[PDB]
Ligand SMILES: *[C@H](O)[C@H](C[C@@H]1CCNC1=O)NC(=O)[C@H](CC1CCCCC1)NC(=O)[C@@H](NC(=O)OCc1ccccc1)[C@@H](C)OC(C)(C)C
Ligand SMILES: *[C@H](O)[C@H](C[C@@H]1CCNC1=O)NC(=O)[C@H](CC1CCCCC1)NC(=O)[C@@H](NC(=O)OCc1ccccc1)[C@@H](C)OC(C)(C)C
């Protein structure tokens with residue numbers, strides 16, 4: 001038993017990480033089949049960042065201005081193109097370690113694993129969620145750009161995030177693997193509003209179920225509530241409105257613990273109106289919202305991969 | 001910027017994980033060179049668990065009663081021996097994916113990465129610490145036994161933990177890779193006292209430095225204290241006594257942030273005497289003690305591996 005915030009094993013992704021250099025800028029790229037993916041702002045100088053014309057900037061570059069290094073090995077670039085905010089470098093060598101992969105665009109509230117990378121070498125791995133305002137709260141230093149987020153379905157790697165830039169909040173923004181930003185962000189060094197972040201109500205309920213499943217049950221009360229009543233408390237409190245779909249996705253945890261979702265909503269309501277009283281749930285003094293219901297199900301089912 | 005609880009990339013360890021079966025018991029093993037390591041209690045039936053004579057039980061077994069499966073592939077066992085509480089299965093095939101590795105026995109307060117495994121296939125990865133009472137608070141279901149903890153030094157894998165059993169606390173116990181338990185635990189299904197757990201004072205201070213480095217500085221005060229004065233507050237509060245060595249290891253974070261360790265101790269003291277007032281530090285409403293000072297240094301330095 002026990003419950004930890006847990007990332008997918010990153011082996012399948014480590015084999016895809018390469019170093020990409022263009023001029024005096026180095027960052028990470030994703031090497032799959034015979035294509036290298038990376039943020040297009042690798043083509044920018046530190047002055048270009050304030051207002052780049054990427055088309056014009058890309059025109060001044062040729063294949064040989066792009067150094068791709070996979071470990072020690074130099075790949076030869078033979079085609080380059082710009083898809084949205086990513087740059088796709090065609091190389092002469094397919095990656096012998098290409099996993100079975102997909103590119104997905106995830107939804108706010110879903111979770112994924114980040115492998116943070118510098119100079120093409122993996123640094124660490126951690127788990128997180130696409131916030132409702134389409135930011136992620138991660139850990140990214142200079143040179144982490146091009147690090148990717150992913151989920152694993154048995155053998156198949158679903159890539160969903162590529163890191164591009166930190167906002168003035170210490171929150172991070174980026175794109176899917178077709179180069180479209182999550183959220184309204186553009187890749188330019190100009191002030192940008194992240195927007196009001198809300199809490200992922202369904203994820204919090206799934207966590208409370210993970211708590212019950214792991215012995216923590218003090219928050220459990222004699223009350224119930226209605227979907228509309230609870231939603232009315234959800235909104236004084238920043239919470240995502242709870243829908244019937246949310247209720248259904250919480251259904252399996254419902255039946256395992258024998259606790260109705262709306263009874264659980266009542267306990268959450270009391271927590272939101274009465275706080276923690278200096279107590280903890282699964283060793284946190286806060287309400288945690290970065291476990292999807294599926295993260296909960298599989299953590300106490302033992303789903304494996306590879 | 002930002003600060004997450006971050007695990008080493010597990011690729012080097014995924015390639016070492018195999019399935020070990022003996023009778024009607026299956027668990028994970030660590031395959032390195034031509035040896036497979038696993039908990040010796042794989043040789044036990046569900047009745048044996050209450051009071052096993054491991055010597056006598058091991059005598060009834062022969063090499064062919066041990067099925068080792070590396071992915072799909074059956075290894076042939078040709079020698080078996082018992083070292084403390086681990087069992088070492090000599091196989092006819094060296095693991096072509098053996099990393100450069102070491103076996104270390106870590107100290108209370110140090111951190112490591114766990115790759116949780118079922119039937120020899122990795123499930124997830126998370127970070128944690130050997131508690132002062134020599135327990136770890138992880139996430140382990142039935143069949144997770146044989147999962148290992150590790151740190152990575154550039155290319156070299158330092159194995160330090162092998163999971164054996166959960167206590168009645170939802171805390172976990174296990175051995176180094178020579179088979180000696182951390183703590184006073186034995187591998188038997190008998191009630192065992194974990195013992196009073198204390199907080200890793202030096203780790204908490206290192207975190208407060210990580211906080212300052214990442215913008216969170218409200219806890220910072222106009223006071224200072226003495227090593228003995230603070231230690232006197234450390235003990236009403238469960239904290240490990242702070243030593244001069246602790247002070248020195250915190251020295252580099254000292255100089256980066258320009259804040260004396262004993263000034264930081266005063267802020268921690270006020271936190272311990274006055275609580276959080278419903279506020280947060282790096283997004284936690286609790287004082288976090290599972291980052292060593294070295295975890296902090298490298299997270300905001302960007303150390304890579306492979
Ligand atoms: C790639 O390695 C990095 C990763 C950053 C660096 C440290 N932490 C990270 O997450 N990405 C960058 O450095 C990019 C580079 C430019 C981005 C697109 C345009 C051309 C290249 N920039 C940022 O990450 C900046 N974000 C940013 O400026 O956003 C808009 C803005 C501007 C001014 C005030 C507020 C907001 C970073 C460097 O800016 C901060 C200084 C605010 C972090
Ligand atoms: C190996 O896959 C598992 C991993 C466990 C299972 C679920 N979570 C885990 O961490 N390990 C075990 O199942 C071992 C098996 C025996 C251990 C040594 C003797 C022979 C094999 N046992 C345990 O993990 C038990 N721990 C335990 O009993 O500790 C002493 C004790 C006894 C009675 C009351 C309190 C404490 C588990 C199964 O016991 C609990 C039911 C308390 C979890």
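Along the chain as shown, the residues are counted starting at 1.
Method reported for this entry: X-ray crystallography, 1.9 Å.
Even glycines carry a Cβ here, placed using N, Cα and C.
Taken from Swiss-Prot, the feature active site, for 3CL-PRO activity covers A:41, and the record attributes it to sequence analysis. What Swiss-Prot records for A:145 is active site, nucleophile, and it gives experimental evidence as the kind of evidence. Feature annotation from Swiss-Prot assigns ubiquitin cross-link to A:5, A:90. Annotation comment: Swiss-Prot describes A:1-306 as domain 'Peptidase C30'.
Location within the structure of each feature annotated in Swiss-Prot.
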residue : record                            : Cβ contacts under 8 Å, 6 or more apart
A:5     : ubiquitin cross-link              : A:126, A:127, A:290, A:291
A:41    : active site, for 3CL-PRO activity : A:25, A:49, A:52, A:54, A:85, A:145, A:164, A:165, A:187
A:90    : ubiquitin cross-link              : A:34, A:35, A:77, A:78, A:79, A:80, A:81
Recorded positions near ligand 1 among A:5, A:90, A:145 (Cβ under 6 Å): A:145
Cross-chain proximity of recorded positions to B (CB under 8 Å), evaluated over A:5, A:41, A:90, A:145: A:5
